[PDB]
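Encoded as structure tokens, the following chain is the form solved without adenosine, with no partner shown.
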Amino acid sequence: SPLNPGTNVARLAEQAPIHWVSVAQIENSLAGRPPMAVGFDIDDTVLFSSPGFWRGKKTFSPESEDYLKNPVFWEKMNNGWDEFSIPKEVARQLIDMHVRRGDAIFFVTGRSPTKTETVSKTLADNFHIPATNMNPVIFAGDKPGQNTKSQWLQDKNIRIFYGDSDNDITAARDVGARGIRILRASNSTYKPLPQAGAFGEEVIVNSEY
């Protein structure tokens, strides 16, 4: 790699062919639609939860990804380490507007399930979600005693699903919901970053914070 690589104005101005949207544009698209169920992935969608995953990796598996299969890690992660997770502004704006519409708010996560969890409380508190609009976090996956994310979206009739990962968008696509992408922050520890827009889906501008 050159010490002085330089640049040019074609590169400076270059845009990826992404369907960017704003929160205001999403709300406009819903004007006059009755209350409905909507859903949010948690990690890197509404919470920057890398601090707990970082601590977990360092504590339980410094030299691998084994911590993510370790029940001792998940018990810590789901019962208080989200006190260190930083709520995303894009999520504050989306949740506020869905609450204003009278929509039902679901959170659906791929985190491993635990005996108890305080994540639902962390979310309702941080985002000021009235109990009437709030629903306990859904721990979705392919383990016995679980339903997949796509199945939960169908079951709860979720019409819009927000998320940062490819599998969030394809879950929405599989059930005919509108999948809307949020950008994963570049300081997330979950790498590589996804290619937001990879399915031709809407991607929310400036949604990394």
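Only residues modelled in both forms are compared. Take the two forms, superpose them, and find the largest set of C-alpha atoms that agree within 1.5 Å; that set is the rigid core. Numbers follow the displayed sequence, beginning with 1.
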Worksheet item: Which wins on mean Cα temperature factor, 135 to 143 or 87 to 95?
Response: 135 to 143
Worksheet entry | Mean C-alpha temperature factor, higher of 76 to 84 and 101 to 109 | 101 to 109
Worksheet entry | From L47, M36, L183, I26, residue of greatest CA B-factor | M36
Practice prompt. Just grab whichever of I169, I160, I42, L68 has the top CA B-factor as deposited.
Written response: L68
Practice prompt. Please place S207 in the lowest, middle or highest third of its chain by C-alpha B factor as given in the entry.
Written response: lowest
Worksheet item: Within this chain, which third does the Cα B-factor at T7 fall in: lowest, middle or highest?
Response: middle
Discussion item. Where does the C-alpha B-factor of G179 rank in its chain, lowest, middle or highest third?
Written reply: middle
Worksheet item: Among the modelled residues of its chain, does the C-alpha B-factor of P51 lie in the lowest, middle or highest third?
Response: lowest
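Absent from the display: the form deposited with adenosine bound. The rest refers to it.
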Fill in: Accessibility of shown form to adenosine in the deposited complex, site-C-alpha superposition, 2.4 Å backbone/C-beta rule
open
Worksheet entry | 4.5 Å heavy atom contact, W20 to adenosine in the deposited complex | no
Worksheet item: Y67: heavy atom within 4.5 Å of adenosine in the deposited complex?
Response: yes
Worksheet item: Does adenosine come within 4.5 Å of any heavy atom of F107 in the deposited complex?
Response: no
Discussion item. Quick check on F53: any heavy atom within 4.5 Å of adenosine in the deposited complex?
Written reply: yes
Worksheet item: Does every residue of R111, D142 and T189 put a non-hydrogen atom within 4.5 angstroms of adenosine in the deposited complex?
Response: yes
Worksheet item: Where does adenosine sit in the deposited complex: which of 115 to 123, 128 to 136, 95 to 103, 67 to 75, heavy atoms within 4.5 Å?
Response: 67 to 75
Response to the item:
Displaced runs between this form and the one not shown (core superposition; 3 or more consecutive residues; every C-alpha shifted by 2 Å or more) cover 141 to 148
